[PDB]
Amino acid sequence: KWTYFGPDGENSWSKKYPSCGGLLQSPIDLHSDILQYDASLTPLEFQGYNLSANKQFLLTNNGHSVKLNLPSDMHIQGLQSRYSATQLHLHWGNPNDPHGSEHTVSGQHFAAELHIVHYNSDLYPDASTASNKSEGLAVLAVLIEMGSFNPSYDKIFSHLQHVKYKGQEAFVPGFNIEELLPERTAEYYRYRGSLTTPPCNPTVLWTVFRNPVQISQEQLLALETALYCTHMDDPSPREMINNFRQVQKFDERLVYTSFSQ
């Protein structure tokens, strides 16, 4: 059992999960000193993001986040191997401190962060297997701020109130995930990192888009209040909040940008 608050909190993850205390840890603060423009950085292409509306995809509160499972036929192109979708999830903060992105940009926490997890399907038979292996994962990160209502994100946020507790499962009608991407996806930060949750394997190529998306005050509140980290039967409920890991040292590492300034 690992949490984001307390003695089983992030500082103690290394105890049972050695990689959490290891190399190439994520997330990071995105700031000019570690940034380098790289003009070999080409736009990604997104394939099979348009999931059938006439089909439904499994949403899961896993006691640590709310995740939507995704079909392996959805993949990205523009990286070295094929990367096929496995899942998306979010991290966020709390109504007292609604700044719970994981990556930060010149020290600024955004409101929340959306992650779309892909695995290496040129090399590995699944995501689980790929996760423990080198260059085995690729994560897309969309920074989220407060602003206008977001009908596309609502396509997820409306099933929340019905997966409130640990282990619970429910169904979203398939939709076009590219709707969850920001403006100018060609402009992004790229670097080598790790899973931000136990077991923290250093196996992730991160792409964090330069531009954020906007969801409204109420959707943001909704996301921050809907879920619990605990089961239905648990005598000591815990609200699912602050489910972002703190930024990590970035020693001898560099973040590559597809954009100049």
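Numbers follow the displayed sequence, beginning with 1. Each form is matched to the other, and the largest set of C-alpha atoms that superpose within 1.5 Å is called the rigid core.
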Give, as the answer, the stretch of 210-218 and 231-239 that departs more from the shown form in 9 other deposited structures of this protein; the measure is RMS Cα distance after a core fit.
231-239
Quick note on 106-114 and 120-128: per-entry mean CA temperature factor is higher in 120-128
So, looking at the entry's B-factor column for Cα atoms, which has the higher mean, 231-239 or 35-43?
231-239
Max C-alpha B-factor within the set 191, 188, 175, 83 falls on 175
Criterion, highest CA B-factor; candidates, 223, 58, 30, 200:
58
On the chain's distribution of Cα B-factors, residue 93 falls within the third called lowest
Select lowest, middle or highest to describe the third in which the CA B-factor of residue 253 falls within its chain in this entry.
highest
Sorting the chain's CA B-factors, does residue 77 end up in the lowest, middle or highest third?
middle
Using the B-factors in the PDB entry, rank residue 26's C-alpha atom against the chain and give the third, lowest, middle or highest.
lowest
Please rank the C-alpha B-factors of the chain's modelled residues and tell me whether residue 53 sits in the lowest, middle or highest third.
highest
